[PDB]
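Close look at the chain arrangement
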Number of protein chains: 2
Amino acid sequence: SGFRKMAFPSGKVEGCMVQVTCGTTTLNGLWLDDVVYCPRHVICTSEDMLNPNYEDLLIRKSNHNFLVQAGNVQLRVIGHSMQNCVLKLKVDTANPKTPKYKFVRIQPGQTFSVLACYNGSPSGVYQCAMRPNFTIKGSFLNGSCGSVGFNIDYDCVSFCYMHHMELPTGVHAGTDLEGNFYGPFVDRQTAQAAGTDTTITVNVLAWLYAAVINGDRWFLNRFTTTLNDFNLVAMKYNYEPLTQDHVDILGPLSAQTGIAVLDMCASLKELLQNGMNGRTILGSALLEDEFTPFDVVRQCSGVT
Amino acid sequence: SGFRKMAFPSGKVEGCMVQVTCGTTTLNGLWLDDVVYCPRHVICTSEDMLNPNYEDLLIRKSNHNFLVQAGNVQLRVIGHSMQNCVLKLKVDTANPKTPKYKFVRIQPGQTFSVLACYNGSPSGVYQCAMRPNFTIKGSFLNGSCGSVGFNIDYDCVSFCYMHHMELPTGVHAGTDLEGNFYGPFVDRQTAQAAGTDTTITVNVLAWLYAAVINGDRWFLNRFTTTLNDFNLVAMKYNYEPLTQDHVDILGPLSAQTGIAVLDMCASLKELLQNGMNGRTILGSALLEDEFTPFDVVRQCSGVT
Ligand SMILES: CC(=O)Nc1ccncc1NC(=O)[C@@H]1Cc2ccc(F)cc21
Ligand SMILES: CC(=O)Nc1ccncc1NC(=O)[C@@H]1Cc2ccc(F)cc21
């Protein structure tokens, strides 16, 4: 028993972190096979960030200008190319620690672990969710760019995020491993604002199921609702509209607890309408939305 | 910017996890050099757990009864001994992945990362605190016994916890790596209750400093208080009494923000007396106490 915001073991990803320096800028790179992936803004100075022409800036850079270091050993750069907002540095040595890996672009609402790094060295690991407004609420400082987000499936690491930018509002923006930003963000020091951040309703429900499995049942009421009646309340509280796909995905959690999805929705509706009244659910005084139904099933069944 | 419940990178500890089987019981072991450490209740059946005589039970066990597996390779057991509530299985092969390590017994209020494991395989990593009542609020299922708690200092892993038991109340109990339980708990299936769980005041204050550094300043008021006046309010809310050592430890956070410790105490006092009024601090609707002043300084400065 017990329910915690759990991250995947980071070992396989730690073995891939390198330091990439270009000029005066140092950030993190991801070394997989003979390619080092890093944010393309490594080629910029803070002056360039106002309106960078990355194609023009990259033209003044050669293989020998990109300093790549894995631990205290220097990697030899034999190629460089820009793919969207990431640079791919071809090195002459394949990473001996490359795990089985995939590059996947995640959907808003899905979760992933971040291995926060500085100078190619890991400092910490935490669990995140790709917010519906395509931002992530991470913990990143200067030097953390190039830190990656991933999921693990037994032995296969699915890389889904590379950290690029902190918005003036304190939230974080980045790309998938093909260099495409999540959301409308651009790698430029300009006024960019995150849109409305809605709550991932399906994740809140999955977390309510985790609370029930783990003993917290005070919020269960004698009521039920319909998908349309629940969504009228979800819109008012800036919650994502619940779809039949969401109800289907919650199926195994509903089967395990013996509580129908629409019954759990009625409990959620009353929690939204009346608040927690000073009570907690899984040690939290607010509705948690960063656990997918997959995360709940995984944590409650012990998937290694 | 951003503040997250961060765990240490788990790679160095993953390389130490093994599976220990004795009879029908399978749990996790920690392989360091030529010794595998695991909970001694590995030698018990659920029937023995009611009133186990571990010395008598261990007498019926030989080296060949302890099956140790690191991945899919079997380790040869050449010795076995009981040290308090842990078994130390001497193997003929030193772990090639043994990091620089220490065994340390932590103080209540201090934090550490847990690498939750099943069958010697890691499933997740999360940050915990040793509660003042010597329990931990973890996420552990059947098979998780032997999962360890640790801290990292550059390259040195300090092992501080081994998971042993879940109390009937859903909280967790375990030992240091010498087999001594934290608290009054015994490895027996008997009625054991966790005492009163007080809030780690110094950690709450450090987290208020993290909130200020990271932008959340709504709770800052025009007041101050004294150590004695603050502690009168801390007692009423089951908060640990704040000592001058705690004020001293908060020194660097007070120096960084320019807010005196006793001024932050007055903000905390008003938060205890009036609640959050539906507002949040660092995305939390309750006062967080599982970040030490060291964790805040570490996260906000990027220690790798
Ligand atoms: C100074 C600090 O702590 N900065 C960070 C913190 C957390 N995460 C990232 C950064 N870095 C940036 O946000 C730089 C500035 C800018 C503009 C566009 C862009 F694509 C990347 C960047
Ligand atoms: C069944 C399940 O999930 N159990 C766990 C969950 C989480 N953590 C541990 C366990 N295991 C126990 O608590 C066993 C029972 C007992 C009594 C004393 C003792 F020293 C160890 C144990």
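Before reading on, note that the structure itself is shown above.
Residues numbered from 1 in each chain as written, not as in the entry; some residues may be left out. Chains lettered and ligands numbered in written order. Heavy atoms only, no water.

A few words on the relation of the copies chain B and chain A. In summary, the two copies of the chain are related to each other by a rotation about an axis coupled with a shift along it. Of the two same-sequence chains, chain B is brought onto chain A (RMSD 0.0 Å, axial shift 0.0 Å) by a rotation of 180°. A rotation of that kind, with that shift, is consistent with a two-fold axis. For chain B, the residue whose C-alpha comes nearest the rotation axis is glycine 11 of chain B, separated from it by 1.8 Å. Of all interface residues in chain B, 100% are interface residues in chain A too; the two copies therefore contact each other through one and the same surface. (Least-squares fit on C-alpha atoms. Contact = heavy atoms within 4.5 Å.)

Right, let's get into the pairing of strand β11 (residues 148–153) of chain A. All names here are of chain A. Among the 6 residues in β11, 5 count as buried, and that is most of the element. Of the pairings in the sheet, the one linking β11 to strand β12 (residues 156–166) comprises 6 bridges and is antiparallel in character. The residue of β12 that forms the bridge with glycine 149 is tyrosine 161. (Buried < 20%, exposed > 50% of the residue type's maximum accessible area, 1.4 Å probe, protein only. Helix = DSSP H or I, 4+ residues; strand = E, 2+ residues; numbered from the N terminus. Pairing = 2+ DSSP bridges.)

Here the idea is simple: oppositely charged side chains can pair when their charged atoms come close. Residue and element names in this part refer to chain A. Enumeration according to the criterion identifies 22 salt bridges over all chains in this entry. Between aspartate 197 and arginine 131 there is a salt bridge, with the nearest N and O atoms lying 2.8 Å from each other. Remark: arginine 131 occurs in the loop between β10 (121–129) and β11 and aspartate 197 occurs in the loop between β13 (172–175) and α3 (201–213); sequence separation between them is 66 residues. Take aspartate 197: its relative accessible area is 27%, and that puts it in the partly exposed class. With a shortest N-O distance of 2.8 Å, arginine 298 and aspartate 295 are connected by a salt bridge. Remark: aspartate 295 and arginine 298 occur in helix α8 (residues 293–301); sequence separation between them is 3 residues, near one turn of the helix. (Salt bridge = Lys/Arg side-chain N within 4 Å of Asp/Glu carboxyl O.)

All names here are of chain A. Lining the immediate surroundings of ligand 1 are 14 residues, of which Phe140, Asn142, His163, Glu166 and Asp187 lie closest. The separation between an oxygen atom of ligand 1 and a polar main-chain atom of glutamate 166 is 2.9 Å. For ligand 1, the accessible surface in isolation is 490 Å², of which the surrounding protein chains cover 78%. In terms of residue class, the shell around ligand 1 is built from 5 nonpolar, 6 polar and 3 charged. (Near = heavy atom within 4 Å. Polar contact = N/O pair within 3.5 Å; in protein donor to acceptor, adjacent residues only side chain to side chain. Areas by Shrake-Rupley, 256 points an atom, 1.4 Å probe, with all protein chains shown as cover. Nonpolar A, V, L, I, M, F, W, Y, C, P; charged D, E, K, R; others polar.)

With that settled, the discussion passes to helix α8 (residues 293–301) of chain B. Residues and elements named next belong to chain B. Within α8, burial applies to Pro293, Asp295, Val296, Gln299 and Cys300. One side of α8 carries all its buried residues, which in axial view fall inside an arc of 160°. Its buried side turned inward, α8 meets β9 (111–118), β10 (121–129), α3 (201–213), α5 (244–249) and α6 (251–257). The first or second residue beyond α8 is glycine 302, which carries a positive phi of 80°. (Arc of directions from axis to C-beta.)

With that settled, consider the sheet that holds strand β6 (residues 77–83) of chain A. Residue and element names in this part refer to chain A. Spatially, β5-β4-β1-β2-β3-β7-β6 is the arrangement adopted by the 7 strands of the open sheet, whose pairing is antiparallel. Looking at the sheet topology across the chains shown, the edges are occupied by β5 (73–75) and β6. The mean angle between the axes of side-by-side strands here comes to 30°, regardless of whether they run parallel or antiparallel. Strand direction decides the pairing type here: strand β3 (residues 35–39) and strand β7 (residues 86–91), joined by 5 bridges, are antiparallel. In the strand pairing of β7, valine 35 is matched with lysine 90. (Axes fitted to C-alpha atoms, helices over the stretch in contact; angles between N-to-C directions.)

All names here are of chain B. Strand order in the open sheet formed by 7 strands is β5-β4-β1-β2-β3-β7-β6, with antiparallel pairing between adjacent strands. Looking at strand neighbours, the two that pair on one side only are β5 (73–75) and β6 (77–83), the edges of this open sheet. Strand-to-strand, the axes of this sheet are offset by a mean angle of 30°, without reference to chain direction. For strand β1 (residues 17–22) and strand β2 (residues 25–32), the ladder comprises 6 bridges, and the chain directions are antiparallel.

Before going further, it helps to examine helix α4 (residues 227–236) of chain A. Residues and elements named next belong to chain A. Within α4, burial applies to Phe230, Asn231, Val233 and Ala234. The buried residues of α4 occupy an angular sector of 160° when the element is viewed end-on, so they sit on one face. Exposed side chains of α4 directed beyond 90 degrees from the buried face belong to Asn228, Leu232, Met235 and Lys236. Looking at the packing, one finds that the buried side of α4 touches α3 and α7 (261–274). Trailing α4 by a residue or two, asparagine 238 shows a phi angle of about 50°, which is positive.

Quick look at the state of the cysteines now. Counted by the stated rule, this structure contains 0 disulfides over all chains. You can see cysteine 300 of chain B has no disulfide; the closest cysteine sulfur is in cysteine 128 of chain A, sitting 16 Å from it. (Disulfide = S-S within 2.5 Å.)

Before going further, it helps to examine the site of ligand 2. Residues and elements named next belong to chain B. In the vicinity of ligand 2, 14 residues are found, and the nearest of them are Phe140, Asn142, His163, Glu166 and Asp187. Within the side chain of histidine 163, a nitrogen or oxygen atom sits 2.6 Å from a nitrogen atom of ligand 2. Here an oxygen atom of ligand 2 sits 2.9 Å away from a polar atom, N or O, in the main chain of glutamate 166. Its free accessible area being 500 Å², ligand 2 has 78% of it covered by the protein chains. Across the shell around ligand 2, the residue classes break down as 5 nonpolar, 6 polar and 3 charged.

A word on the interface of chain B and chain A. Where interface size is quoted, it is often the accessible area lost as the parts come together. Residue-level contacts link 41 residues of chain B with 41 residues of chain A. Of the roughly 3000 Å² buried at the junction of chain B and chain A (both faces included), carbon and sulfur atoms supply 55%. Taken together, the links from chain B to chain A amount to 23 residue pairs in polar contact. Broken down by element, the residue count for the side of chain B that touches chain A peaks at 8 residues, all from β10 of chain B. Counted by class, the side of chain B that touches chain A contains 17 nonpolar, 18 polar and 6 charged residues. (Buried area = accessible area lost by both parts, 1.4 Å probe.)

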